[PDB]
2 protein chains.
Amino acid sequence: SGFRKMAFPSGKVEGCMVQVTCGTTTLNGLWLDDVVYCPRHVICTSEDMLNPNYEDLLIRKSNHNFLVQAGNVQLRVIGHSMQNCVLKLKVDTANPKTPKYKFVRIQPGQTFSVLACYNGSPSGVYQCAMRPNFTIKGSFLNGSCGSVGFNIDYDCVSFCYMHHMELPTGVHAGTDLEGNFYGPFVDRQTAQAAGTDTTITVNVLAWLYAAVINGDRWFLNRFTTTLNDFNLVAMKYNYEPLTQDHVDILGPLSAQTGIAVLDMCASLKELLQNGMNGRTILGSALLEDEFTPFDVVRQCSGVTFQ
Amino acid sequence: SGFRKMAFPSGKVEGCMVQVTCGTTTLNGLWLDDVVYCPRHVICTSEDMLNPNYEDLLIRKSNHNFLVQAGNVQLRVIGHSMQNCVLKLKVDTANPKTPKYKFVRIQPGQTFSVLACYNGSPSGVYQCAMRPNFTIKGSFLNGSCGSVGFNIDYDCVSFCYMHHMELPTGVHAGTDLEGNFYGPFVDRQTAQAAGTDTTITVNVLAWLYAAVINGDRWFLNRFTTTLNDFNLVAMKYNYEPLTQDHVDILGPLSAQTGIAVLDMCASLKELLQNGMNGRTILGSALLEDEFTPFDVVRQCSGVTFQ
Ligand SMILES: CCc1ccc(Cc2ccc3c(c2)[C@]2(OC3)O[C@H](CO)[C@@H](O)[C@H](O)[C@@H]2O)cc1
Ligand SMILES: CCc1ccc(Cc2ccc3c(c2)[C@]2(OC3)O[C@H](CO)[C@@H](O)[C@H](O)[C@@H]2O)cc1
Ligand SMILES: [Cl-]
Ligand SMILES: [Cl-]
């Protein structure tokens, strides 16, 4: 036992990272089959970003202007095109390391792993979640744009995110692999502010289920509640309303533990009202919301990937 | 910016994981060059573990009894030998994926990443630290024995840990790659209890330096202290005494931030005495001690690995 914020093994995605340089800008790209995906702002300069017209900035570029390096070998670019906020560079070699993969657009509250990269070289891996206000709370220095978020199922990598920018508040915005941003964010430097960072209540309960499975049970109480009562409390603490679909996704953890979902909501409610009183749950002194119900089951079941 | 508990990319180690079965027991092994390392308790049954005599249990084994599978291909075992608590199985093929690597025995307070594996297949990766009482607080289900902890420098993997067992308290014990356990723990089921889980003060300050670099500065105050005063406080809160070598390792973060190490200790001191008052630092409501000073510099500098 033990429960930890665990990322997916990163090897399969490490094999797709490449460096992309246009003019003076270098960032990362993702090499899948014979196509290299990267943020389109690689073609921008520093003022270019105040109010760029990418359609016009790309007119000045040709295939030979995009220097793509995979490890120490240069890749040949035979085509380029813009799709939403991403450029797709067609190279003349298929990546030999391409895993089986899919492109998916995730929902707020879902989690995924990030392989932070600089200059096409991996730096580290950590788990993140798509926040209800559509930002992620990552770790990104300059040059990390183009690093991707992903989940792995069996032997299929589902890419879900590509990094594009940092708000003045230090949180992060990006796109899916079709180039569409999560949320209202745009790839220009402007007054962009994030909405409320509401907590993903269904992940919190999942994590409370994890704790009981992993021996922490002090928060369990003699009470129960209803969805309509619970939700008055979640609305007061800036929590996502809990829904019947969520109660349903929590069924399996409820079955394995024998603790009814609504009794667990009653545990969460008292914790919101009274705090933890200086105690801890799974090593944390605050309620954790970046573990989905699939993530607790997966980690508590030892699911592996081939 | 942003600061997160980041693991090392796991691809290089994913290429060394293999399944090891002796009789009915399956666990993981590490395939480096032509040798496969795994816990010696793979040769034990269930009662065998109360007070095993591995010397005698191994006398009953031969090379053909150790079934080593790498992905879907079986490996041929041409030799086996015990070194402390690990068995070394010599196979007739060198692993083609062997990275450059080293075996190191770490010091308490040092951190490393774990690639949790089941049946020779990776499941996830997370960062851990060797605790002052020589246990690690991991995530391990049955079948995870043999998963390794590691750090990567440049393109050299320094293996530092191999998982072997769980104490009744849910914390974990293991060995280095030479087969010697960290701490007093032995590979038998007995009354083994962990000593105090003291906090690694030099990592805490490192993380306080990370927070200031990442915009959290509310804990900074108008005070300073001395090592001898500070240490009276660390001793009262079950913190490791801070030493001059530690002040020295913190120099670079002190230089980059302009906050004197002893002023930062004065910040840590008030936090120990008054608590955080319901606020948070780098997203945590408690003081984090599993980031070493090298880990903050590395993550805040974008160091990558080839
Ligand atoms: C085969 C051995 C094994 C596997 C997994 C676990 C841990 C575990 C954690 C979390 C969940 C579950 C199991 C699970 O879903 C939520 O529990 C449901 C009700 O018992 C069950 O119907 C599901 O098939 C599923 O096992 C223990 C032992
Ligand atoms: C080249 C661009 C760059 C690199 C790294 C960073 C972040 C950074 C974080 C943490 C530390 C340091 C830097 C560092 O050690 C601790 O700061 C010391 C005093 O300035 C310096 O002497 C060291 O070389 C080292 O830069 C910013 C910009
Ligand atoms: Cl916390
Ligand atoms: Cl974490």
# chains A, B, ... in the order shown; residues from 1 in each chain; ligands from 1

$ residues_around --residues "segment 232-245 of chain B" --least-positions-apart "2" --cutoff "7 Å" --atoms "only C-alpha atoms" --output "PyMOL selection string"
chain B and resi 198-202+227-230+247-249+269

$ write_last_selection --atoms "C-alpha atoms" --output "PDB file, in the first residue's frame"
ATOM      1  CA  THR B 198      12.195  13.368  11.448  1.00  0.00           C
ATOM      2  CA  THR B 199      11.826  16.151   8.792  1.00  0.00           C
ATOM      3  CA  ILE B 200      14.879  16.965   6.440  1.00  0.00           C
ATOM      4  CA  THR B 201      15.246  20.607   7.295  1.00  0.00           C
ATOM      5  CA  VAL B 202      17.745  21.491   4.537  1.00  0.00           C
ATOM      6  CA  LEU B 227      22.346  28.037  13.706  1.00  0.00           C
ATOM      7  CA  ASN B 228      22.462  27.301  17.409  1.00  0.00           C
ATOM      8  CA  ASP B 229      19.100  29.094  18.043  1.00  0.00           C
ATOM      9  CA  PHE B 230      17.448  27.660  14.967  1.00  0.00           C
ATOM     10  CA  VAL B 247      24.025  26.268   4.942  1.00  0.00           C
ATOM     11  CA  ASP B 248      26.702  25.963   2.408  1.00  0.00           C
ATOM     12  CA  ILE B 249      24.631  23.688   0.037  1.00  0.00           C
ATOM     13  CA  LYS B 269      11.173  29.001  12.618  1.00  0.00           C
TER      14      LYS B 269
END

$ residues_around --residues "residue 184 of chain B" --least-positions-apart "6" --cutoff "9 Å" --atoms "only C-alpha atoms" --output "list in words"
residues 134, 192 and 194 of chain B

$ residues_near_ligand --ligand "ligand 3" --cutoff "12 Å" --atoms "only C-alpha atoms and all ligand atoms" --output "ChimeraX atom specification"
/A:276,278-289 /B:276,278-289

$ residues_near_ligand --ligand "ligand 1" --cutoff "6 Å" --atoms "only C-alpha atoms and all ligand atoms" --output "count of residues only"
7

$ residues_near_ligand --ligand "ligand 2" --cutoff "10 Å" --atoms "only C-alpha atoms and all ligand atoms" --output "number ranges by chain"
A: 141-142; B: 206, 209-210, 213, 249-258, 293-303

$ residues_around --residues "residue 62 of chain B" --least-positions-apart "5" --cutoff "10 Å" --atoms "only C-alpha atoms" --output "ChimeraX atom specification"
/B:22,77-80

$ closest_residue --among "B:111, B:273, B:46, B:127" --to "ligand 4" --atoms "only C-alpha atoms and all ligand atoms"
B:127

$ residues_near_ligand --ligand "ligand 4" --cutoff "9 Å" --atoms "only C-alpha atoms and all ligand atoms" --output "PDB file with N, CA, C and O atoms, in the first residue's frame"
ATOM      1  N   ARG A   4       0.328   7.739  -3.920  1.00  0.00           N
ATOM      2  CA  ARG A   4       1.138   8.901  -4.268  1.00  0.00           C
ATOM      3  C   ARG A   4       0.728   9.618  -5.579  1.00  0.00           C
ATOM      4  O   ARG A   4       0.025   9.003  -6.379  1.00  0.00           O
ATOM      5  N   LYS A   5       1.137  10.927  -5.789  1.00  0.00           N
ATOM      6  CA  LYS A   5       0.740  11.559  -7.058  1.00  0.00           C
ATOM      7  C   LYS A   5       1.725  10.951  -8.082  1.00  0.00           C
ATOM      8  O   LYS A   5       2.879  11.360  -8.181  1.00  0.00           O
ATOM      9  N   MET A   6       1.270   9.939  -8.787  1.00  0.00           N
ATOM     10  CA  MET A   6       2.032   9.178  -9.786  1.00  0.00           C
ATOM     11  C   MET A   6       1.789   9.522 -11.243  1.00  0.00           C
ATOM     12  O   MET A   6       0.638   9.718 -11.676  1.00  0.00           O
ATOM     13  N   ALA A   7       2.876   9.766 -11.960  1.00  0.00           N
ATOM     14  CA  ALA A   7       2.759   9.988 -13.363  1.00  0.00           C
ATOM     15  C   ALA A   7       2.887   8.668 -14.110  1.00  0.00           C
ATOM     16  O   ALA A   7       3.426   7.673 -13.612  1.00  0.00           O
ATOM     17  N   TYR A 126       5.477  14.834 -14.275  1.00  0.00           N
ATOM     18  CA  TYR A 126       4.548  15.073 -13.157  1.00  0.00           C
ATOM     19  C   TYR A 126       3.080  15.001 -13.644  1.00  0.00           C
ATOM     20  O   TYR A 126       2.801  15.132 -14.820  1.00  0.00           O
ATOM     21  N   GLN A 127       2.132  14.770 -12.690  1.00  0.00           N
ATOM     22  CA  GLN A 127       0.743  14.585 -12.993  1.00  0.00           C
ATOM     23  C   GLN A 127       0.081  15.912 -12.820  1.00  0.00           C
ATOM     24  O   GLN A 127       0.441  16.676 -11.915  1.00  0.00           O
TER      25      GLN A 127
ATOM     26  N   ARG B   4       6.670  21.821  -9.075  1.00  0.00           N
ATOM     27  CA  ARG B   4       5.899  20.613  -8.806  1.00  0.00           C
ATOM     28  C   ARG B   4       6.735  19.384  -8.369  1.00  0.00           C
ATOM     29  O   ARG B   4       7.942  19.393  -8.602  1.00  0.00           O
ATOM     30  N   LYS B   5       6.106  18.339  -7.707  1.00  0.00           N
ATOM     31  CA  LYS B   5       6.938  17.186  -7.329  1.00  0.00           C
ATOM     32  C   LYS B   5       7.101  16.415  -8.659  1.00  0.00           C
ATOM     33  O   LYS B   5       6.208  15.693  -9.094  1.00  0.00           O
ATOM     34  N   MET B   6       8.221  16.629  -9.314  1.00  0.00           N
ATOM     35  CA  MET B   6       8.580  16.044 -10.612  1.00  0.00           C
ATOM     36  C   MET B   6       9.525  14.859 -10.593  1.00  0.00           C
ATOM     37  O   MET B   6      10.525  14.843  -9.852  1.00  0.00           O
ATOM     38  N   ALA B   7       9.120  13.796 -11.273  1.00  0.00           N
ATOM     39  CA  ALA B   7       9.987  12.673 -11.408  1.00  0.00           C
ATOM     40  C   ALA B   7      10.836  12.820 -12.662  1.00  0.00           C
ATOM     41  O   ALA B   7      10.512  13.557 -13.601  1.00  0.00           O
ATOM     42  N   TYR B 126       6.898   8.271  -9.736  1.00  0.00           N
ATOM     43  CA  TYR B 126       6.771   9.301  -8.690  1.00  0.00           C
ATOM     44  C   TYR B 126       8.124   9.512  -7.966  1.00  0.00           C
ATOM     45  O   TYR B 126       8.997   8.667  -8.008  1.00  0.00           O
ATOM     46  N   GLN B 127       8.281  10.693  -7.300  1.00  0.00           N
ATOM     47  CA  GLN B 127       9.504  11.075  -6.660  1.00  0.00           C
ATOM     48  C   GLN B 127       9.381  10.691  -5.221  1.00  0.00           C
ATOM     49  O   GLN B 127       8.295  10.799  -4.639  1.00  0.00           O
TER      50      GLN B 127
END
